[PDB]
Structure formats: structure tokens, C-alpha cells
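# can't give you the sequence, but here's the structure:
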Ligand SMILES: [Zn+2]
């Protein structure tokens, strides 16, 4: 018999490492269907912000307009969503873009020549030769230009190379950054890699003590198999550190003396962020999306 | 075609149905080709077992009453081949259930004693898994090949 | 042409690690493998991204119809 | 209230009234497998499964066959009501362990 | 009610390239001419060589519409034995004078019992339960 309160009794969480970008946490005594659901939402549902409409005024660079526009879209912006409302597609462009729906980023770079002794460095030989993500100047407009006062729009990674130029060439554009989801375009992904790995199980059938224990220990990563003494059997110190290479099974002396399985209930999640939200926030929102999905169907009329 | 006489012809004479047997030798020219043949050898194998949840899923996965696949207006299901300890269905039982829901209820089940491409020696000692046996529309012996 | 923004396979930003990689090979005199490790590229997909990058843009730029000679 | 989301396929619904197929738009395995799992925990549900007619068309079909004293509509309503409570349990335990850290 | 009951001695347990099934070769401890060949799911009910198995054939368990999963307070004939299988009789073979051998199928898992007196009780029925103890 399974109850939602009986699940609360057995369900456990274990945080191994929680960095500013990546969090490694475990979900103990939960079903595959729930663990897989969170991973799917933490890569599809999770949305973000980024350029969408690049308006070019001039581009004398070697990099084609389409390519340069696509590169700006790919550059992640250190912009927290919820600050922006969702844009409506049916009404025209004059009503479509507002101070609540759109963020404007301008790029105005002109390359010139500089006198220096000559292989010679491009930063020495020319001025404004390399166009970086940091060169996308934030332009606040309309009703709210005070809401982004203590929050300036800056790309998450500024040193990203956008274009390379030679004297005479120029880039003049107005990029319209909007709110979108990762399912539409990868340029909206919030997390890098959200994946889980099942806890490896090493079922030792025989004691296999002695020099064979030292041979068995070399088949698994260093911090997995621990030996007490020459006797006292051969135990598993940390089965979590195992890579699951099945190296132990390709030896006649161990092929029948050991079994390699898993703990179906135990999940080892690894979540790295793109930079917009913290890895915890991304997981929390994933659980909140699954709950909201079930809630939306609960308060809904079952037609026909 | 732009008229009903030409429609009727393309639906009853030149269609694609009434063409299971070529008139050259009266042999079949219709059947599954690669993944399905390899899938069948595995699904109808003795080692293939399925839980109530798994079994019913495989049934509705291929038979949808709403698309008019059924002949009984309710998906009929066979009892498990293993009752105790855990209720389990065999792979061959899925093949029996698919026929039980697609063949007419008014007519009796199919009776056929055929053979397989895979010799009994491959399935171990004393197996009869080469002899394809259908008794009252029930796969009781043998796997299903390209044959 | 230039270093791609993000790894084709997973999506880890690689565009900021091209010039830094050449500095680890020139000044630091390290091997290809250790240089990529210091940049924070452990997945072989992210590893090949920079390691296998040609950078034809430097060859392409030498043809400039806007400056004499 | 939007009527396109949930629809009762009368061409498969029992005259009265345990077995019946439901068709949900803009849904797949995500809700599908989770919902049939919860519906199957019901002691009155005889048969339950989910089926996606085709990947290109945004449809999700869920069949609920029960024993007596409960309609398929009630079994679906219980399934949705239990999944909501299940998610509350997950959300409550996660908040507690964040503080416990 | 019951149709057959006897205690058998296992002489062979062969997997035969199967990870979960085994072909059991047995002989009756009471009757001399009685022999058994049965496929069992060794994963659930393991059988070892030189073992005493109480194999029993029953018609039902003491009119049913369909099988239902167990629910609190349900009593069955299966509660007395460890491993229970449901199958059908498909072939009736006669071996020389007085000896008769029956063929059963528990969904691919085949059984071949050889005897003489069971000709009356053992009949080709689309419903025959096989129950094993110890
Ligand atoms: Zn990568």
C-alpha cells in the first residue's frame, strides 16, 4: 500500500556539492517517472531571455548579417526574468514591443588604424578590431528606466568574441531581447546539463579475500573497493564513486564471483546552470512546473 | 481522379488491399521487414515475461478501439501464465491477445501447426520452439520469424 | 571561421576559451590535454570543440578591400 | 472554460459507465505516464494505460476501466486530485531539506 | 477439487541458455513407472538437484468470471503451496500397455507427466492449476 505520507517517511535528499553554477544532489526512494519528469522540465520548461530581433543599420564586416545576428542571440544575457512580461505575437510591431516586454542592446563599432612598430598584435595595429559581447551597450527606454538602475543588462560572459574587423569596416545594430523558452530555440536554455545517474550496486557473492581482493580493487575506481586486511572479506567502501565500466566482469577469476546492478530508487542528479538562475532555483521551478501541470488539470472541465 | 466511377475503381479494383497474394505464384508480397522480425524473436521468446502494467500497455499500444482496431468494443485480456508468487504474462500471450481482439468473436480461433527458421538447437536442450503451434487462436509453442 | 559560441553537443560556452588556450600552449608551454583541463573542459565533446578548432578567420582577414596593401 | 483540452471519446465510452477513453490536447508522456501510475493505485481501477496516437499530432489518450460503484470520470478526477497532493508532498519535503542543509 | 497429487525426487535442473527458467526431470517416490518433465521459473521458486517437490494438479481453488489481484481476507488452495501455475492440457499420448503420458502448457512452460491410473481424473481441460510445495 502506497500513501503520499508513507512516501514522506522513506523519501530522502542528499547534497554532495552545491556550487554557484553546478549542484550535485541525490533523490532517494523516488520513482523513475518522477525523477525523469524533473530532468525533462529542467531542460525544456525552464525558459530565459536573449536577443531575438537584430535590426542592422550597417555591417561592413566579413561576418554576414544572418551569422552576426545569430551569434548575438546565442550570447547569454545576465538578465533575471519575471522582470519582463511575455510578448504577444498577434498585435503589430508598434504595439508589440514595450518597456515591459522588450530589452534593447545596441552595438556601434568602427575600426581604424594606429601607429606602432611592427606578426604585430591586432590590438596594437588597429583600434576596435575585435568586437566582444561587452560591446553590446544596454539602452533602457520608456515608462521604466529606473527598474534596471541597480540591475544593468550585461552579457553573462563579456569576453565572448562576436566579430573581427579591419580599418574601414563598421557594425551598427539595435537588438531586441525578448522572453522565450528552450523548446523553441536553444538560445533560451537555462541549464547546461541536467542529468541523473542511478546508484551503482556491486553484489559480492563470494568473500574473494587475499591477492584476488587487490586484483578486484584495481577493476573499480580508487575510492570504490576497500579491503579490511588479507582476510575479513572484501567490502564496497563507496559504490557511488563507481564509473560502471564493467571492467571486473572481463576477468575469468571474477566473472562469476561478482554481480553488477543498481539501486532503482536512488538517483544522483547533476545540474549546471547557464548563468541566469542558480541550480537549486532551476530544480525548484521544475518541481513547481510538475505540480502546476497536475493542478491545471485538476481545476479543468472534462469535455465531451 | 475527378469522378465517382474513377473513385470506385481506385477503391475496389486498383486499391492496395486485395493484393496480399501476387498472381504470379499465389504467394504473399506483404509482411513486416527488419526491426519487427528481430523484435518478434525476442518478444515471443520463453525468457520474455511481462507484469500486468507492462502487458496491458503492449495491448493498447498496438490495439486502439477508437481507431476501430477491436471486434469486441472492450479490450479482452487473458489470465496470467504465472499466478504465484508474482502475476506474470508470457510474451506469446501478447500475440494471443492481439488475435483475440482483432479476429471476429462469432468465428472460432485459428488452428495452425507451422515451423520456424530458427532450429531447436539454438534454444537449448529439449526445446520445441521451432514448431509454431496455434490452438483455438492461441500461440502455445514456437517463436515468430520472417516465416 | 571564428571559435563557436557554446559546445555543439551540450552547450557549454567555448567562445571565451580560444585566445586563452593559445596562451596556455605558447607562454605556459603546456601540452594540448592539460591546457584544455585548466580551461574547464572535462567532457570529450567540450574538449574537441577548442582542440579541433581551425580559426580560418585569421587567414580570411588578410584580404581586406578597405585598406591599401 | 476551455473545452478543447479534455474530451470524452463517446465512440469508446461504455454505455454506463466504468470504461471510457479520454483525449487530452498539448500533452504527452510527461503527464501521461504519471497520471496512469496514480490512476492504477485506485483499488477500483481494473485496467489503465496511456497511448499517444502519433508524435506529430498533439494528442494524449488515457483509458480507464474500473470495477463497479465508480465511473471512469471519477477515477480520472481522483487521479488528478491525488497527483496534485503528491506534488505538494514533493514540494514540502524539498523545502524542508533546503532548510535542513 | 484435486485431480493429481504426488511427491517427486528431482534428478536434473537444466537452464539451457535461459537465465530464469529450468527443465526439471523428476521421478515419483510412491509409483515406480511415474516420471515428470516440467519448466519452472527458477528466479521465483529455485529447485536444486536431489529435492522433494509435492507437485499437485487441481481443477480450481477451494463459477468464476475473471482473475482478480489478491485483496485482504481472500482464501485459496494456493495458500497451502509455495509456487502455483495456471495452464492447459493440449496432448494425450499412450506409451505401450496401461501407461499414458499427458502434455500440459503453462504459457510456453511445458510439462510431461507419465503414469497409468490417472486416465480417468486427468482430462484435456482448458483450466488446470499446478501447485508445488517445499
Ligand atoms: Zn560539450
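On my side now, so go ahead. Residues are numbered from 1 along each chain as shown, chains lettered A, B, ... in the order given.
# contacts for stretch E:66-83?
With C-beta atoms under 8 Å, 6 or more residues apart in numbering or on different chains as the contact definition, stretch E:66-83 has outside contacts at B:52, B:79-80, B:83-85, B:87, D:43, E:40-41, E:44-45, E:54, E:56, E:58, E:60-62, E:84, E:129, E:131-134. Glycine gets a C-beta too; all of them are placed from N, C-alpha and C.
# hmm, try it at 10 Å
The contact list for stretch E:66-83 (C-beta atoms under 10 Å, 6 or more residues apart in numbering or on different chains) reads B:52, B:76-80, B:82-85, B:87, D:43, D:46, D:67, E:1-2, E:40-41, E:44-47, E:53-56, E:58-62, E:84, E:86, E:129-134.
# from those, list the ones also adjacent to chain A.
residue D:43 (C-beta under 10 Å from any C-beta of the partner chain).
# what separates the spatially most central residue of chain C from chain D, distance-wise?
Computing the C-alpha centroid of chain C and ranking residues by C-alpha atoms, centre = their mean puts residue C:18 first, at 3.0 Å. Separation of residue C:18 from chain D (C-beta to the nearest C-beta, to the nearest Å) stands at 38 Å.
# just want the phi and psi numbers for residue C:25.
Residue C:25 adopts backbone torsions of phi -90, psi -40, taken as degrees, to the nearest 10.
# is it true that it touches residue C:31?
Yes - assessed by C-beta atoms under 10 Å, residue C:25 is found in contact with residue C:31 at 8.4 Å.
# higher neighbour count, the two?
Neighbours per residue, other C-beta atoms under 10 Å in any protein chain shown: of residue C:25 and residue C:31, the larger number sits with residue C:25, 13 against 10.
# distance of that one from chain A?
Residue C:25 is 16 Å from chain A, by C-beta to the nearest C-beta.
# excluding its backbone neighbours, what's nearest that residue?
Excluding the flanking residues, the one nearest residue C:25 by C-beta to C-beta, 6 or more residues apart in numbering or on different chains is residue C:35, at 5.7 Å.
# list the residues that contact the one you found.
Applying C-beta under 10 Å, 6+ apart to residue C:35 gives the contacts C:17, C:20, C:21, C:22, C:23, C:24, C:25, C:28, C:29, C:41, C:50, C:51.
# can you tell me the helix or strand for it?
Following DSSP states H and E, the helix or strand that holds residue C:35 is helix C:32-38.
# next, the buried residues of that helix.
By 16 or more other C-beta atoms under 10 Å in any protein chain shown, the buried positions in helix C:32-38 come out as C:35, C:36.
# which other helices and strands does whatever helix or strand comes next after that helix contact?
As assigned by DSSP H and E, the chain's next helix or strand after helix C:32-38 is helix C:44-51. Helix C:44-51 sits against helix C:18-26, helix C:32-38, with contacts defined as 3 or more C-beta pairs under 10 Å, 6 or more residues apart in numbering or on different chains; DSSP states H and E.
# please enumerate the helices of chain B.
Remark: helices assigned in chain B by DSSP state H are B:4-12, B:35-43, B:52-62, B:91-102.
# same list (those helices) but as TSV, adding distance to residue E:96.
Listed next are the helices of chain B as TSV, based on distance: least, C-beta to C-beta, whole Å:
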stretch	distance to residue E:96
helix B:4-12	60
helix B:35-43	39
helix B:52-62	42
helix B:91-102	33
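# where does the closest residue to chain E within the stretch 151-300 of chain A sit: helix, strand or coil?
The minimum distance from the stretch 151-300 of chain A to chain E, using C-beta to the nearest C-beta, falls at residue A:259 (12.2 Å). Assigned by DSSP: H, G, I helix; E, B strand; the rest coil, the conformation of residue A:259 is strand.
# is chain D contacted by stretch A:83-93?
No - with C-beta under 10 Å from any C-beta as the criterion, chain D is not reached by stretch A:83-93; the gap is at least 16.9 Å.
# show me which residues of stretch B:114-125 are buried.
Buried residues in stretch B:114-125 (16+ other C-beta under 10 Å): B:116, B:123, B:124.
# now the closest residue to the ion within chain E: how far from residue A:206?
Residue nearest to the ion within chain E (C-beta to the ion): residue E:19, separated by 38.0 Å. Distance, residue E:19 to residue A:206, by C-beta to C-beta, to the nearest Å: 20 Å.
# the two: which is more packed in?
Neighbours were counted for residue E:19 and for residue A:206 using other C-beta under 10 Å; residue A:206 has more, 12 against 8.
# correct me, but that one touches residue A:233?
Yes - between residue A:206 and residue A:233 there is a contact under C-beta under 10 Å: 9.2 Å.
# for the closest residue to residue B:54 other than its chain neighbours, list the residues it contacts.
Nearest non-adjacent residue to residue B:54, counting by C-beta to C-beta, 6+ apart: residue B:89, 7.7 Å away. Taking C-beta under 10 Å, 6+ apart, we find residue B:89 in contact with B:48-52, B:54-56, B:58-59, B:77-82, B:96-97, E:107.
# beta-bridge partners for residue B:89, please?
Following DSSP bridges, residue B:89 is listed with bridge partners residue B:50.
# how about the residues of chain C near chain E?
Within chain C, not a single residue sits near chain E (C-beta under 10 Å from any C-beta).
# residue numbers of chain C in contact with the ion?
With C-beta under 5 Å from the ion as the criterion, chain C comes near the ion at residues C:7, C:9, C:10, C:12, C:43, C:45, C:46.
# name the member of those residues with the most neighbours.
Among the residues of chain C next to the ion, the one with the most neighbours (other C-beta under 10 Å) is residue C:46, at 24 neighbours.
# what about the longest helix in the chain?
You didn't say which chain, so I picked chain A. Ordering each helix of chain A by length in residues (DSSP H) puts helix A:279-298 first.
# wrong chain, I was asking about chain D
Longest helix of chain D, by residue count under DSSP H: helix D:72-100.
# ok and it relative to helix A:279-298, angle-wise?
Inter-element angle recorded for helix D:72-100 and helix A:279-298: 160 degrees (by axes from the mean of the first three to the mean of the last three C-alpha atoms, to 10 degrees).
# which strand or helix spans whichever residue of chain D sits closest to chain C?
Chain C sits closest to residue D:30 of chain D, with a gap of 21.8 Å, by C-beta to the nearest C-beta. Using DSSP H and E, residue D:30 sits in helix D:29-40.
# now swap in residue D:7 and tell me
Assigned by DSSP H and E, residue D:7 falls in strand D:6-9.
# now do that strand: distance to the chain's middle.
Here the centre of strand D:6-9 is set off from its chain's centre by 12 Å, with C-alpha atoms, centre = their mean, to the nearest Å.
# how close does the nearest residue to residue B:7 once chain neighbours are set aside sit to chain E?
Of all residues not flanking residue B:7 in the chain, residue B:1 sits nearest, at 6.0 Å (C-beta to C-beta, 6+ apart). Noted for residue B:1: a distance of 50 Å to chain E, by C-beta to the nearest C-beta.
# and residue B:1, how far from chain D?
Distance from residue B:1 to chain D, by C-beta to the nearest C-beta: 27 Å.
# what about that residue, neighbour count?
Using other C-beta under 10 Å, the number of residues around residue B:1 comes to 11.
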